[PDB]
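J.: My questions will all concern the structure given below.
Every residue, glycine among them, receives a Cβ derived from its backbone with ideal geometry; neighbour counts consider all protein chains shown. None of the figures in this text is laboratory data; all of them are computed from the coordinates on show.
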Amino acid sequence: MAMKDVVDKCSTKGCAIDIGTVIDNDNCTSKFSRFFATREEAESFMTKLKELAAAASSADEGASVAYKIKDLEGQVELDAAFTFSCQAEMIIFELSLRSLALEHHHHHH
């Protein structure tokens, strides 16, 4: 009772680095917040964010970055706003963050 079994379309190369995760829809500028024990811990983590930013966004010096450092009592707030040009580069950055840094609690978005 069945006759139709034919399909052919595997033309995809995967030029864009995607883990296969969902897309966060609202902005193109992502804001990454983490709480550390020292402002040192905050600025130390910024280093690897820059490393990751260079991978996600090429550009001359990468995407735009406006970071927050709030000196609290016993901890600090590290919140870096990365202004990307595309949403693709923004979401994959979040993906990379989840892969490398991992500890952003878990399911933020």
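J.: Using the basic label-point model (7 angstrom from Cα toward the beta carbon), what is the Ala54 to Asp18 distance in nanometres?
T.: Taking the simple label geometry, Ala54 and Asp18 are separated by 2.7 nm.
J.: Give the separation of the Cα centroids, segment 50-109 to segment 33-49, in Å.
T.: The two parts, judged by their Cα centres, are 11 Å apart.
J.: For a Förster distance of 22 Å, can you work out the FRET efficiency between the beta-carbons of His108 and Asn27, rounded to the nearest 0.05?
T.: 0.95
J.: As a test of the formula, what do you get for the chain when each DSSP H run with n ≥ 4 contributes -39,500 (n - 2.57) and the sum is divided by the residue count, at 222 nm and rounded to the nearest 500 deg cm²/dmol?
T.: Taking each H run of at least 4 residues, the total per residue is -9500 deg cm²/dmol.
J.: Something else now. Between 0 and 90 degrees, rounded to the nearest ten: what's the tilt of helix 87-100 against the longest Cα principal axis of the chain?
T.: That helix lies at roughly 70 degrees to the long axis.
J.: Ranking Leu52, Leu100 by Cβ neighbours within 10 Å, fewest first, what do you get?
T.: Arranged by neighbour count, lowest to highest, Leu52, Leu100 become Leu100, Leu52.
J.: Within 10 Å of each residue's Cβ, count the other Cβ atoms and sort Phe45, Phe93, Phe82 from fewest upward.
T.: Least to most surrounded, the residues fall as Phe45, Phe93, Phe82.
J.: Could you put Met46, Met3, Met90 in order, starting from the residue whose Cβ has the fewest other Cβ atoms within 10 Å?
T.: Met3, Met46, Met90
J.: Which three lengths, in whole Å and largest first, does segment 25-109 cover when its Cα atoms are put on their principal axes?
T.: Cα extents, longest axis first: 37, 29, 22 Å.
J.: Assuming a strict under-20 Å limit between Cα atoms, what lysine pair count do you get for the chain once near-sequence pairs (fewer than 8 apart, same chain) are dropped?
T.: Total qualifying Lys-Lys pairs in the chain comes to 8.
J.: Over segment 25-109, calculate the relative contact order: mean separation of alpha carbon pairs under 8 Å at least 6 apart, over the residue count, as a percent.
T.: Computed over segment 25-109, the figure is 38 percent.
J.: Sticking with the crude label model, points 7 Å out along Cα→Cβ, report the distance from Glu40 to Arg98 in nm, one decimal please.
T.: Taking the two extended label points, one gets 3.3 nm.
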